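*Asks:* Just start-v7.cif, nothing more (mmCIF, C-alpha atoms and all ligand atoms):
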```
data_query
loop_
_atom_site.group_PDB
_atom_site.id
_atom_site.type_symbol
_atom_site.label_atom_id
_atom_site.label_comp_id
_atom_site.auth_asym_id
_atom_site.auth_seq_id
_atom_site.Cartn_x
_atom_site.Cartn_y
_atom_site.Cartn_z
ATOM 1 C CA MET A 1 83.169 -60.474 -192.141
ATOM 2 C CA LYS A 2 82.542 -59.961 -195.865
ATOM 3 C CA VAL A 3 81.632 -62.932 -198.047
ATOM 4 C CA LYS A 4 81.668 -63.303 -201.850
ATOM 5 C CA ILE A 5 79.333 -65.881 -203.324
ATOM 6 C CA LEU A 6 80.370 -67.504 -206.587
ATOM 7 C CA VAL A 7 78.218 -69.830 -208.720
ATOM 8 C CA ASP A 8 79.195 -71.302 -212.066
ATOM 9 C CA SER A 9 77.478 -70.362 -215.347
ATOM 10 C CA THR A 10 75.351 -73.537 -215.209
ATOM 11 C CA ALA A 11 73.494 -71.962 -212.248
ATOM 12 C CA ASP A 12 71.627 -69.721 -214.753
ATOM 13 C CA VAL A 13 71.510 -67.056 -212.030
ATOM 14 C CA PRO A 14 68.878 -64.310 -212.557
ATOM 15 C CA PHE A 15 70.621 -61.220 -213.898
ATOM 16 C CA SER A 16 69.422 -58.887 -211.131
ATOM 17 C CA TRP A 17 70.504 -61.137 -208.280
ATOM 18 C CA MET A 18 74.141 -60.728 -209.169
ATOM 19 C CA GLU A 19 74.349 -57.203 -207.792
ATOM 20 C CA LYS A 20 71.443 -57.585 -205.358
ATOM 21 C CA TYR A 21 72.885 -60.625 -203.464
ATOM 22 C CA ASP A 22 76.557 -60.011 -204.482
ATOM 23 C CA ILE A 23 76.753 -63.264 -206.449
ATOM 24 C CA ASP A 24 79.271 -63.659 -209.292
ATOM 25 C CA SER A 25 79.125 -66.179 -212.121
ATOM 26 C CA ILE A 26 82.207 -68.086 -213.386
ATOM 27 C CA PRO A 27 81.907 -69.177 -217.045
ATOM 28 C CA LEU A 28 82.108 -72.718 -218.257
ATOM 29 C CA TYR A 29 82.991 -73.234 -221.933
ATOM 30 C CA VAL A 30 81.189 -74.227 -225.083
ATOM 31 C CA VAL A 31 83.346 -75.875 -227.792
ATOM 32 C CA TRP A 32 81.949 -76.319 -231.321
ATOM 33 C CA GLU A 33 82.932 -79.096 -233.736
ATOM 34 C CA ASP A 34 85.323 -76.744 -235.641
ATOM 35 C CA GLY A 35 87.356 -76.003 -232.462
ATOM 36 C CA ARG A 36 85.812 -72.602 -231.784
ATOM 37 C CA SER A 37 85.266 -71.917 -228.121
ATOM 38 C CA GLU A 38 83.061 -69.410 -226.254
ATOM 39 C CA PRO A 39 82.571 -68.670 -222.601
ATOM 40 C CA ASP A 40 79.131 -68.861 -220.870
ATOM 41 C CA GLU A 41 78.997 -65.203 -219.693
ATOM 42 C CA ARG A 42 75.924 -64.102 -217.682
ATOM 43 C CA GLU A 43 75.061 -61.203 -219.893
ATOM 44 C CA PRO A 44 71.563 -61.001 -221.484
ATOM 45 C CA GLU A 45 72.831 -60.018 -224.984
ATOM 46 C CA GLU A 46 75.378 -62.869 -225.181
ATOM 47 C CA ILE A 47 72.876 -65.403 -224.047
ATOM 48 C CA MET A 48 70.422 -64.185 -226.701
ATOM 49 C CA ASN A 49 73.023 -64.307 -229.498
ATOM 50 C CA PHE A 50 73.864 -67.854 -228.521
ATOM 51 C CA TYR A 51 70.208 -68.820 -228.679
ATOM 52 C CA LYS A 52 70.092 -67.554 -232.203
ATOM 53 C CA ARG A 53 73.306 -69.366 -233.247
ATOM 54 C CA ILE A 54 72.378 -72.717 -231.643
ATOM 55 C CA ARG A 55 68.859 -72.773 -233.198
ATOM 56 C CA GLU A 56 70.619 -72.164 -236.564
ATOM 57 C CA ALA A 57 73.790 -74.259 -236.240
ATOM 58 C CA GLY A 58 74.734 -77.281 -238.275
ATOM 59 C CA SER A 59 75.979 -79.009 -235.094
ATOM 60 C CA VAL A 60 75.622 -79.160 -231.315
ATOM 61 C CA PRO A 61 78.719 -78.193 -229.380
ATOM 62 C CA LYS A 62 80.309 -79.801 -226.349
ATOM 63 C CA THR A 63 80.994 -78.202 -222.954
ATOM 64 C CA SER A 64 83.916 -78.191 -220.533
ATOM 65 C CA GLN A 65 84.346 -77.060 -216.926
ATOM 66 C CA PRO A 66 86.493 -74.097 -215.876
ATOM 67 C CA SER A 67 90.148 -74.834 -215.178
ATOM 68 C CA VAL A 68 91.654 -74.737 -211.724
ATOM 69 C CA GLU A 69 93.383 -71.511 -212.893
ATOM 70 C CA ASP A 70 90.072 -69.793 -213.823
ATOM 71 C CA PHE A 71 88.966 -70.438 -210.243
ATOM 72 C CA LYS A 72 92.317 -69.260 -208.734
ATOM 73 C CA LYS A 73 92.132 -65.962 -210.613
ATOM 74 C CA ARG A 74 88.605 -65.206 -209.367
ATOM 75 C CA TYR A 75 89.518 -66.173 -205.759
ATOM 76 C CA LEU A 76 92.519 -63.839 -205.835
ATOM 77 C CA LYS A 77 90.466 -61.027 -207.346
ATOM 78 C CA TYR A 78 88.048 -61.352 -204.416
ATOM 79 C CA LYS A 79 91.008 -61.253 -202.041
ATOM 80 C CA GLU A 80 92.449 -58.058 -203.481
ATOM 81 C CA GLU A 81 88.916 -56.594 -203.243
ATOM 82 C CA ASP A 82 89.063 -57.235 -199.428
ATOM 83 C CA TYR A 83 86.624 -60.132 -199.110
ATOM 84 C CA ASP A 84 87.402 -62.323 -196.066
ATOM 85 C CA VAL A 85 85.737 -65.517 -197.362
ATOM 86 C CA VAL A 86 84.574 -66.977 -200.713
ATOM 87 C CA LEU A 87 81.604 -69.321 -200.740
ATOM 88 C CA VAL A 88 81.340 -71.398 -203.957
ATOM 89 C CA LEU A 89 78.215 -73.331 -204.997
ATOM 90 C CA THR A 90 78.754 -75.571 -207.995
ATOM 91 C CA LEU A 91 76.584 -77.817 -210.034
ATOM 92 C CA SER A 92 76.501 -81.503 -209.068
ATOM 93 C CA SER A 93 79.853 -83.230 -208.866
ATOM 94 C CA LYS A 94 78.091 -86.085 -210.650
ATOM 95 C CA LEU A 95 77.445 -83.974 -213.769
ATOM 96 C CA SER A 96 80.708 -82.035 -214.038
ATOM 97 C CA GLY A 97 84.310 -81.606 -212.825
ATOM 98 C CA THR A 98 83.503 -77.995 -211.929
ATOM 99 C CA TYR A 99 83.380 -78.934 -208.246
ATOM 100 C CA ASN A 100 86.745 -80.634 -208.599
ATOM 101 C CA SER A 101 88.368 -77.574 -210.195
ATOM 102 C CA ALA A 102 86.934 -75.225 -207.594
ATOM 103 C CA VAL A 103 88.206 -77.385 -204.735
ATOM 104 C CA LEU A 104 91.649 -77.775 -206.226
ATOM 105 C CA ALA A 105 91.810 -74.010 -206.776
ATOM 106 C CA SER A 106 90.947 -73.457 -203.059
ATOM 107 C CA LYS A 107 94.193 -75.181 -202.038
ATOM 108 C CA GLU A 108 96.324 -72.743 -204.060
ATOM 109 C CA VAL A 109 95.212 -69.485 -202.347
ATOM 110 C CA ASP A 110 95.340 -67.744 -198.950
ATOM 111 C CA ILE A 111 91.722 -66.728 -198.731
ATOM 112 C CA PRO A 112 89.388 -69.265 -197.115
ATOM 113 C CA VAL A 113 87.183 -70.768 -199.833
ATOM 114 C CA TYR A 114 84.323 -73.057 -198.968
ATOM 115 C CA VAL A 115 83.045 -75.137 -201.851
ATOM 116 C CA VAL A 116 79.563 -76.622 -201.754
ATOM 117 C CA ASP A 117 78.561 -79.485 -204.055
ATOM 118 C CA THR A 118 74.897 -78.521 -204.524
ATOM 119 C CA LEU A 119 73.977 -81.790 -206.328
ATOM 120 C CA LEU A 120 71.869 -79.574 -208.578
ATOM 121 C CA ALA A 121 72.090 -77.528 -211.718
ATOM 122 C CA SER A 122 70.571 -74.502 -213.482
ATOM 123 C CA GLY A 123 67.868 -72.399 -211.746
ATOM 124 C CA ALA A 124 67.864 -74.537 -208.620
ATOM 125 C CA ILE A 125 71.444 -73.502 -207.671
ATOM 126 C CA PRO A 126 70.773 -69.810 -206.987
ATOM 127 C CA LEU A 127 68.053 -70.731 -204.478
ATOM 128 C CA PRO A 128 70.614 -71.905 -201.880
ATOM 129 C CA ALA A 129 72.810 -68.890 -202.803
ATOM 130 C CA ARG A 130 70.083 -66.400 -202.002
ATOM 131 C CA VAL A 131 69.427 -68.215 -198.749
ATOM 132 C CA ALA A 132 73.103 -68.142 -197.849
ATOM 133 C CA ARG A 133 73.118 -64.401 -198.452
ATOM 134 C CA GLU A 134 70.032 -63.714 -196.391
ATOM 135 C CA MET A 135 71.359 -65.615 -193.421
ATOM 136 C CA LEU A 136 74.783 -63.882 -193.732
ATOM 137 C CA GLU A 137 72.923 -60.548 -193.862
ATOM 138 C CA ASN A 138 71.370 -61.631 -190.528
ATOM 139 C CA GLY A 139 74.739 -62.149 -188.889
ATOM 140 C CA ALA A 140 75.249 -65.930 -189.293
ATOM 141 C CA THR A 141 78.625 -67.631 -189.443
ATOM 142 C CA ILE A 142 79.882 -69.530 -192.423
ATOM 143 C CA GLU A 143 79.736 -72.630 -190.277
ATOM 144 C CA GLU A 144 76.065 -71.871 -189.551
ATOM 145 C CA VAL A 145 75.342 -71.327 -193.250
ATOM 146 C CA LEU A 146 77.001 -74.576 -194.360
ATOM 147 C CA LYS A 147 75.198 -76.620 -191.677
ATOM 148 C CA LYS A 148 71.794 -75.151 -192.696
ATOM 149 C CA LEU A 149 72.292 -75.643 -196.477
ATOM 150 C CA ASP A 150 73.194 -79.253 -195.759
ATOM 151 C CA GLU A 151 70.079 -79.823 -193.647
ATOM 152 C CA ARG A 152 67.815 -78.252 -196.243
ATOM 153 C CA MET A 153 69.425 -80.045 -199.193
ATOM 154 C CA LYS A 154 69.101 -83.294 -197.287
ATOM 155 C CA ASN A 155 65.397 -82.521 -196.746
ATOM 156 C CA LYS A 156 65.190 -81.950 -200.542
ATOM 157 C CA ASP A 157 64.039 -78.343 -200.079
ATOM 158 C CA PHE A 158 65.787 -77.410 -203.352
ATOM 159 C CA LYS A 159 64.481 -79.181 -206.477
ATOM 160 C CA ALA A 160 65.181 -79.041 -210.213
ATOM 161 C CA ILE A 161 62.326 -80.251 -212.470
ATOM 162 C CA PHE A 162 62.089 -79.640 -216.264
ATOM 163 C CA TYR A 163 61.011 -80.896 -219.692
ATOM 164 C CA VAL A 164 62.704 -80.993 -223.046
ATOM 165 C CA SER A 165 61.131 -81.563 -226.452
ATOM 166 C CA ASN A 166 64.088 -83.271 -228.134
ATOM 167 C CA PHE A 167 65.913 -85.821 -225.973
ATOM 168 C CA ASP A 168 68.837 -86.124 -228.371
ATOM 169 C CA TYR A 169 70.539 -83.087 -226.874
ATOM 170 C CA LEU A 170 70.762 -84.641 -223.408
ATOM 171 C CA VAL A 171 71.838 -87.935 -224.922
ATOM 172 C CA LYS A 172 74.598 -86.207 -226.909
ATOM 173 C CA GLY A 173 75.650 -84.282 -223.826
ATOM 174 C CA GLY A 174 76.327 -87.543 -221.915
ATOM 175 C CA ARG A 175 74.617 -86.879 -218.592
ATOM 176 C CA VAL A 176 71.576 -89.160 -218.773
ATOM 177 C CA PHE A 182 64.881 -95.160 -222.987
ATOM 178 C CA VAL A 183 63.293 -92.366 -225.013
ATOM 179 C CA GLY A 184 63.057 -92.423 -228.853
ATOM 180 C CA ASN A 185 61.101 -90.131 -231.226
ATOM 181 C CA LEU A 186 57.351 -89.286 -231.390
ATOM 182 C CA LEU A 187 55.466 -86.137 -232.600
ATOM 183 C CA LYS A 188 54.879 -83.587 -229.857
ATOM 184 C CA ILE A 189 56.689 -85.668 -227.233
ATOM 185 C CA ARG A 190 58.046 -83.957 -224.105
ATOM 186 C CA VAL A 191 60.375 -85.769 -221.757
ATOM 187 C CA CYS A 192 60.218 -84.849 -218.086
ATOM 188 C CA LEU A 193 63.264 -84.992 -215.885
ATOM 189 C CA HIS A 194 64.349 -84.111 -212.372
ATOM 190 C CA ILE A 195 67.524 -84.254 -210.381
ATOM 191 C CA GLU A 196 67.810 -86.794 -207.585
ATOM 192 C CA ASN A 197 71.058 -87.350 -205.669
ATOM 193 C CA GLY A 198 73.007 -85.223 -208.165
ATOM 194 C CA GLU A 199 71.863 -87.214 -211.184
ATOM 195 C CA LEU A 200 69.504 -86.577 -214.141
ATOM 196 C CA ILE A 201 66.477 -88.809 -214.110
ATOM 197 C CA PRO A 202 63.854 -88.916 -216.886
ATOM 198 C CA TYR A 203 60.635 -89.976 -215.205
ATOM 199 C CA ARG A 204 57.809 -89.386 -217.749
ATOM 200 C CA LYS A 205 57.130 -89.073 -221.465
ATOM 201 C CA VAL A 206 53.986 -87.212 -222.349
ATOM 202 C CA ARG A 207 52.641 -85.312 -225.354
ATOM 203 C CA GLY A 208 52.393 -81.518 -225.594
ATOM 204 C CA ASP A 209 53.069 -78.669 -223.157
ATOM 205 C CA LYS A 210 49.920 -78.864 -221.115
ATOM 206 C CA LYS A 211 50.566 -82.507 -220.074
ATOM 207 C CA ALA A 212 54.278 -81.752 -219.622
ATOM 208 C CA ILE A 213 53.447 -78.862 -217.278
ATOM 209 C CA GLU A 214 51.097 -81.140 -215.282
ATOM 210 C CA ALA A 215 53.784 -83.835 -215.092
ATOM 211 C CA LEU A 216 56.346 -81.399 -213.580
ATOM 212 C CA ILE A 217 53.953 -80.247 -210.930
ATOM 213 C CA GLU A 218 52.822 -83.814 -210.156
ATOM 214 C CA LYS A 219 56.468 -84.778 -209.583
ATOM 215 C CA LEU A 220 56.916 -81.890 -207.131
ATOM 216 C CA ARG A 221 53.703 -82.995 -205.446
ATOM 217 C CA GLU A 222 55.185 -86.402 -204.639
ATOM 218 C CA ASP A 223 56.912 -84.940 -201.549
ATOM 219 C CA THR A 224 55.462 -81.416 -201.129
ATOM 220 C CA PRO A 225 51.675 -81.234 -200.508
ATOM 221 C CA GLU A 226 49.506 -78.792 -202.454
ATOM 222 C CA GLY A 227 49.328 -75.383 -200.736
ATOM 223 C CA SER A 228 52.951 -75.462 -199.499
ATOM 224 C CA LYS A 229 54.963 -72.213 -199.389
ATOM 225 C CA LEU A 230 57.462 -72.015 -202.230
ATOM 226 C CA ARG A 231 60.012 -69.705 -203.835
ATOM 227 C CA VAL A 232 60.743 -70.333 -207.531
ATOM 228 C CA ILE A 233 63.026 -69.551 -210.450
ATOM 229 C CA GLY A 234 61.348 -70.372 -213.758
ATOM 230 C CA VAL A 235 63.963 -71.364 -216.340
ATOM 231 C CA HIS A 236 63.838 -71.615 -220.063
ATOM 232 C CA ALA A 237 66.069 -72.045 -223.087
ATOM 233 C CA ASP A 238 64.566 -69.340 -225.279
ATOM 234 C CA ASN A 239 60.979 -70.270 -224.409
ATOM 235 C CA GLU A 240 59.422 -67.522 -222.353
ATOM 236 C CA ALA A 241 55.829 -68.299 -223.142
ATOM 237 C CA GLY A 242 56.569 -71.892 -222.006
ATOM 238 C CA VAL A 243 57.953 -71.022 -218.595
ATOM 239 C CA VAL A 244 55.207 -68.446 -218.060
ATOM 240 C CA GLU A 245 52.477 -71.115 -218.453
ATOM 241 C CA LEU A 246 54.334 -73.427 -216.066
ATOM 242 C CA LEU A 247 54.517 -70.739 -213.358
ATOM 243 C CA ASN A 248 50.877 -69.782 -213.804
ATOM 244 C CA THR A 249 49.908 -73.408 -213.381
ATOM 245 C CA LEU A 250 52.165 -73.702 -210.360
ATOM 246 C CA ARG A 251 50.133 -70.947 -208.602
ATOM 247 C CA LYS A 252 46.847 -72.819 -208.921
ATOM 248 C CA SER A 253 48.150 -75.202 -206.303
ATOM 249 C CA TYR A 254 51.011 -73.611 -204.352
ATOM 250 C CA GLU A 255 51.556 -70.440 -202.300
ATOM 251 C CA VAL A 256 54.386 -68.907 -204.356
ATOM 252 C CA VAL A 257 55.853 -66.163 -202.141
ATOM 253 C CA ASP A 258 58.483 -65.119 -204.736
ATOM 254 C CA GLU A 259 59.229 -65.851 -208.341
ATOM 255 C CA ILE A 260 61.545 -64.724 -211.063
ATOM 256 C CA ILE A 261 62.338 -65.964 -214.584
ATOM 257 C CA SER A 262 65.906 -66.755 -215.697
ATOM 258 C CA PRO A 263 67.018 -67.727 -219.183
ATOM 259 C CA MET A 264 69.220 -70.836 -219.301
ATOM 260 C CA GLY A 265 72.843 -70.093 -220.229
ATOM 261 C CA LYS A 266 74.971 -71.500 -223.063
ATOM 262 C CA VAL A 267 76.096 -74.671 -221.274
ATOM 263 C CA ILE A 268 72.712 -75.704 -219.925
ATOM 264 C CA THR A 269 71.092 -74.940 -223.293
ATOM 265 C CA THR A 270 73.712 -76.946 -225.128
ATOM 266 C CA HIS A 271 72.708 -79.981 -223.095
ATOM 267 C CA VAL A 272 68.922 -79.529 -222.903
ATOM 268 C CA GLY A 273 68.171 -78.029 -226.279
ATOM 269 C CA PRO A 274 66.177 -74.922 -227.186
ATOM 270 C CA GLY A 275 62.505 -74.949 -226.181
ATOM 271 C CA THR A 276 63.252 -76.377 -222.716
ATOM 272 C CA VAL A 277 61.145 -75.243 -219.712
ATOM 273 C CA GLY A 278 61.604 -75.956 -216.023
ATOM 274 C CA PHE A 279 61.755 -74.660 -212.532
ATOM 275 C CA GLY A 280 64.077 -74.560 -209.567
ATOM 276 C CA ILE A 281 61.920 -74.799 -206.467
ATOM 277 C CA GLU A 282 62.613 -73.880 -202.805
ATOM 278 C CA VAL A 283 60.186 -75.261 -200.255
ATOM 279 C CA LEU A 284 59.871 -72.835 -197.315
ATOM 280 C CA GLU A 285 57.070 -74.671 -195.521
ATOM 281 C CA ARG A 286 55.246 -77.898 -196.383
ATOM 282 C CA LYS A 287 51.548 -77.816 -195.529
HETATM 283 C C1 LIG A 301 66.024 -75.860 -212.576
HETATM 284 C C2 LIG A 301 65.428 -76.806 -213.622
HETATM 285 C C3 LIG A 301 66.323 -76.973 -214.840
HETATM 286 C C4 LIG A 301 67.404 -78.019 -214.634
HETATM 287 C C5 LIG A 301 68.187 -78.316 -215.930
HETATM 288 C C6 LIG A 301 69.410 -79.193 -215.679
HETATM 289 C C7 LIG A 301 70.051 -79.596 -216.998
HETATM 290 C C8 LIG A 301 71.415 -80.212 -216.763
HETATM 291 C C9 LIG A 301 72.018 -80.765 -218.036
HETATM 292 C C10 LIG A 301 73.427 -81.304 -217.803
HETATM 293 C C11 LIG A 301 74.430 -80.170 -217.658
HETATM 294 C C12 LIG A 301 75.855 -80.631 -217.828
HETATM 295 C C13 LIG A 301 76.858 -79.502 -217.614
HETATM 296 C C14 LIG A 301 78.266 -80.047 -217.810
HETATM 297 C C15 LIG A 301 79.279 -78.928 -217.675
HETATM 298 C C16 LIG A 301 80.675 -79.406 -218.004
HETATM 299 O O1 LIG A 301 81.042 -79.545 -219.214
HETATM 300 O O2 LIG A 301 81.461 -79.639 -217.039
#
```
Any chance you could give the structure as structure tokens?

*Replies:*
Amino acid sequence: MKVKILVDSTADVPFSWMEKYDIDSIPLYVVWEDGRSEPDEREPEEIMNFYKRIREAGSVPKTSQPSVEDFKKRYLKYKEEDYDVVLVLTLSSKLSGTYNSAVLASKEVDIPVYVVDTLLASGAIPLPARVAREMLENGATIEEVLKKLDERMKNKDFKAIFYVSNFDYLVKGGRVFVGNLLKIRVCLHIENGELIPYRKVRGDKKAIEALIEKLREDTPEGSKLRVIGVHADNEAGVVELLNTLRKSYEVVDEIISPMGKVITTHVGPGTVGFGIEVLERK
């Protein structure tokens, strides 16, 4: 039994994991005020170009999910490449119709497609994808994978925690009060598939502390973690966050992933966060 794993571009999947865990990325779309559209392709150069253009732009674009057809075409491509099963992990059904499209597309094809509503977004989504791969590489059934993801998600073993410096992007995006102050950072997490601002602080150092204190609300210091650090063109930022994370957690694996066009569009450049997988709570 051979299984393809598909995430959407809002998963901000690390480049190397695509080949390494056989995970593909399906683009969502970015639509600028003038009617120009671009896809969110997981390619380092394209993501970099976009960073340059959005820092510069006169406007902030909007985003749309992939169509049912975009999903159908991928599913069928996997079929003709002799996969037996497609496993799809999408961002929260509460943030996007991506899950809806993916599910509708599954009804128009022969090949069994299992669609999982992760109730997450960005660097948290690949964490359950990796785990699905590892347990398929150890002989598990699809049924066994889906049951385990559900248990772990319901234990809140996958978390998404981040800060932005300019809240207006999220507000324009529609998925989330906070006003304006010099050096403000707004801290958010995802809880039950929704975006929740939980703290306003000033400057990176306090913001970093706030993210880690939120994690600490249900995961004691010294727990075993795996982590994807995410950033919208702010490498130094995510690097400090990860360093600070190590002072109080056993990080058994980490990698950095730049946030794609869609996530960036909503969070704004400068953003820093992490997707966290708890392996073992102390
Ligand atoms: C892992 C930590 C970082 C988490 C960042 C999550 C930011 C989510 C922002 C909302 C994204 C909305 C995407 C909508 C896509 C669509 O148009 O259907």

*Asks:* In Å to one decimal, how far is atom CA of residue A:131 from atom CA of residue A:86?

*Replies:*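 These two atoms are separated by 15.3 Å.
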
*Asks:* List the residues selected by the PyMOL selection byres (((chain A and resi 262) around 7) and not hetatm) in the file shown, writing them as an MDAnalysis selection string.

*Replies:* chainID A and resid 12:14 233:236 260:261 263:264

*Asks:* Taking all atoms listed in the file into account, name the residue in A:160, A:171, A:102, A:277 that is nearest to ligand LIG 301 (chain A).

*Replies:* A:160

*Asks:* Can you translate the PyMOL selection byres (((chain A and resi 283) around 12) and not hetatm) into the concrete residues it hits in this file, as a ChimeraX atom specification?

*Replies:* /A:124,127-128,131,152-153,155-160,220-221,223-232,254-258,280-282,284-287

*Asks:* Could you check the closest approach to residue A:197 for each of A:121, A:237, A:31, A:243 and tell me which residue wins, using all atoms listed in the file?

*Replies:* A:121

*Asks:* For chain A against ligand LIG 301 (chain A), with a cut-off of 9 Å and counting only C-alpha atoms and all ligand atoms, what is the closest atom pair and its distance in Å to one decimal for every residue that makes the cut, ordered by chain and number, as JSON lines?

*Replies:*
```
{"residue": "A:10", "atom": "CA", "partner": "A:LIG301", "partner_atom": "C13", "distance": 6.6}
{"residue": "A:11", "atom": "CA", "partner": "A:LIG301", "partner_atom": "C1", "distance": 8.4}
{"residue": "A:12", "atom": "CA", "partner": "A:LIG301", "partner_atom": "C1", "distance": 8.6}
{"residue": "A:28", "atom": "CA", "partner": "A:LIG301", "partner_atom": "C16", "distance": 6.8}
{"residue": "A:29", "atom": "CA", "partner": "A:LIG301", "partner_atom": "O1", "distance": 7.1}
{"residue": "A:30", "atom": "CA", "partner": "A:LIG301", "partner_atom": "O1", "distance": 7.9}
{"residue": "A:62", "atom": "CA", "partner": "A:LIG301", "partner_atom": "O1", "distance": 7.2}
{"residue": "A:63", "atom": "CA", "partner": "A:LIG301", "partner_atom": "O1", "distance": 4.0}
{"residue": "A:64", "atom": "CA", "partner": "A:LIG301", "partner_atom": "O1", "distance": 3.4}
{"residue": "A:65", "atom": "CA", "partner": "A:LIG301", "partner_atom": "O2", "distance": 3.9}
{"residue": "A:66", "atom": "CA", "partner": "A:LIG301", "partner_atom": "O2", "distance": 7.6}
{"residue": "A:91", "atom": "CA", "partner": "A:LIG301", "partner_atom": "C13", "distance": 7.8}
{"residue": "A:92", "atom": "CA", "partner": "A:LIG301", "partner_atom": "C13", "distance": 8.8}
{"residue": "A:95", "atom": "CA", "partner": "A:LIG301", "partner_atom": "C12", "distance": 5.5}
{"residue": "A:96", "atom": "CA", "partner": "A:LIG301", "partner_atom": "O2", "distance": 3.9}
{"residue": "A:97", "atom": "CA", "partner": "A:LIG301", "partner_atom": "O2", "distance": 5.5}
{"residue": "A:98", "atom": "CA", "partner": "A:LIG301", "partner_atom": "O2", "distance": 5.7}
{"residue": "A:120", "atom": "CA", "partner": "A:LIG301", "partner_atom": "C6", "distance": 7.5}
{"residue": "A:121", "atom": "CA", "partner": "A:LIG301", "partner_atom": "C6", "distance": 5.1}
{"residue": "A:122", "atom": "CA", "partner": "A:LIG301", "partner_atom": "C1", "distance": 4.8}
{"residue": "A:123", "atom": "CA", "partner": "A:LIG301", "partner_atom": "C1", "distance": 4.0}
{"residue": "A:124", "atom": "CA", "partner": "A:LIG301", "partner_atom": "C1", "distance": 4.6}
{"residue": "A:125", "atom": "CA", "partner": "A:LIG301", "partner_atom": "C1", "distance": 7.7}
{"residue": "A:159", "atom": "CA", "partner": "A:LIG301", "partner_atom": "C1", "distance": 7.1}
{"residue": "A:160", "atom": "CA", "partner": "A:LIG301", "partner_atom": "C1", "distance": 4.1}
{"residue": "A:161", "atom": "CA", "partner": "A:LIG301", "partner_atom": "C2", "distance": 4.8}
{"residue": "A:162", "atom": "CA", "partner": "A:LIG301", "partner_atom": "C2", "distance": 5.1}
{"residue": "A:163", "atom": "CA", "partner": "A:LIG301", "partner_atom": "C3", "distance": 8.2}
{"residue": "A:170", "atom": "CA", "partner": "A:LIG301", "partner_atom": "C9", "distance": 6.7}
{"residue": "A:173", "atom": "CA", "partner": "A:LIG301", "partner_atom": "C12", "distance": 7.0}
{"residue": "A:174", "atom": "CA", "partner": "A:LIG301", "partner_atom": "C10", "distance": 8.0}
{"residue": "A:175", "atom": "CA", "partner": "A:LIG301", "partner_atom": "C10", "distance": 5.8}
{"residue": "A:176", "atom": "CA", "partner": "A:LIG301", "partner_atom": "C10", "distance": 8.1}
{"residue": "A:193", "atom": "CA", "partner": "A:LIG301", "partner_atom": "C4", "distance": 8.2}
{"residue": "A:194", "atom": "CA", "partner": "A:LIG301", "partner_atom": "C4", "distance": 7.2}
{"residue": "A:195", "atom": "CA", "partner": "A:LIG301", "partner_atom": "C4", "distance": 7.5}
{"residue": "A:199", "atom": "CA", "partner": "A:LIG301", "partner_atom": "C8", "distance": 9.0}
{"residue": "A:200", "atom": "CA", "partner": "A:LIG301", "partner_atom": "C8", "distance": 7.1}
{"residue": "A:233", "atom": "CA", "partner": "A:LIG301", "partner_atom": "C1", "distance": 7.3}
{"residue": "A:234", "atom": "CA", "partner": "A:LIG301", "partner_atom": "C1", "distance": 7.3}
{"residue": "A:235", "atom": "CA", "partner": "A:LIG301", "partner_atom": "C1", "distance": 6.2}
{"residue": "A:236", "atom": "CA", "partner": "A:LIG301", "partner_atom": "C3", "distance": 7.9}
{"residue": "A:264", "atom": "CA", "partner": "A:LIG301", "partner_atom": "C3", "distance": 8.1}
{"residue": "A:267", "atom": "CA", "partner": "A:LIG301", "partner_atom": "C13", "distance": 6.1}
{"residue": "A:268", "atom": "CA", "partner": "A:LIG301", "partner_atom": "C11", "distance": 5.3}
{"residue": "A:269", "atom": "CA", "partner": "A:LIG301", "partner_atom": "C7", "distance": 7.9}
{"residue": "A:270", "atom": "CA", "partner": "A:LIG301", "partner_atom": "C11", "distance": 8.2}
{"residue": "A:271", "atom": "CA", "partner": "A:LIG301", "partner_atom": "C9", "distance": 5.2}
{"residue": "A:272", "atom": "CA", "partner": "A:LIG301", "partner_atom": "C9", "distance": 5.9}
{"residue": "A:276", "atom": "CA", "partner": "A:LIG301", "partner_atom": "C3", "distance": 8.5}
{"residue": "A:277", "atom": "CA", "partner": "A:LIG301", "partner_atom": "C3", "distance": 7.3}
{"residue": "A:278", "atom": "CA", "partner": "A:LIG301", "partner_atom": "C2", "distance": 4.6}
{"residue": "A:279", "atom": "CA", "partner": "A:LIG301", "partner_atom": "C2", "distance": 4.4}
{"residue": "A:280", "atom": "CA", "partner": "A:LIG301", "partner_atom": "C1", "distance": 3.8}
{"residue": "A:281", "atom": "CA", "partner": "A:LIG301", "partner_atom": "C1", "distance": 7.4}
```

*Asks:* Identify all residues satisfying the PyMOL selection byres (((chain A and resi 213) around 12) and not hetatm) in the given file; provide them as number ranges by chain.

*Replies:* A: 161-164, 190-193, 204-212, 214-220, 242-250, 276-279

*Asks:* So which one's closest to residue A:265, A:8, A:134, A:151, A:70? Using all atoms listed in the file, please.

*Replies:*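 Smallest separation from residue A:265 among the options: A:8.
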
*Asks:* Compare A:108, A:150, A:117, A:238 by their minimum atom-to-atom distance to residue A:273, counting all atoms listed in the file, and give me the closest one.

*Replies:* A:238

*Asks:* Counting all atoms listed in the file, what is within 10 Å of residue A:142, bar same-chain residues fewer than 2 positions away, as a ChimeraX atom specification?

*Replies:* /A:1,3,85-87,114,132,135-136,139-140,144-148

*Asks:* Using only C-alpha atoms for the distances, tell me which of A:74, A:118, A:196, A:172 is nearest to residue A:93.

*Replies:*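 Distance minimum relative to residue A:93 lands on A:118.
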
*Asks:* How many Å lie between atom CA of residue A:88 and atom CA of residue A:116, rounded to one decimal?

*Replies:*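 Result for atom CA of residue A:88 versus atom CA of residue A:116: 5.9 Å, one decimal.
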
*Asks:* Assuming 6 Å of padding per side, give the centre and edge lengths of the axis-aligned box around every listed atom of stretch 249-253 of chain A, in Å to one decimal and as JSON.

*Replies:*
```
{"center_x": 49.5, "center_y": -73.1, "center_z": -209.8, "size_x": 17.3, "size_y": 16.3, "size_z": 19.1}
```
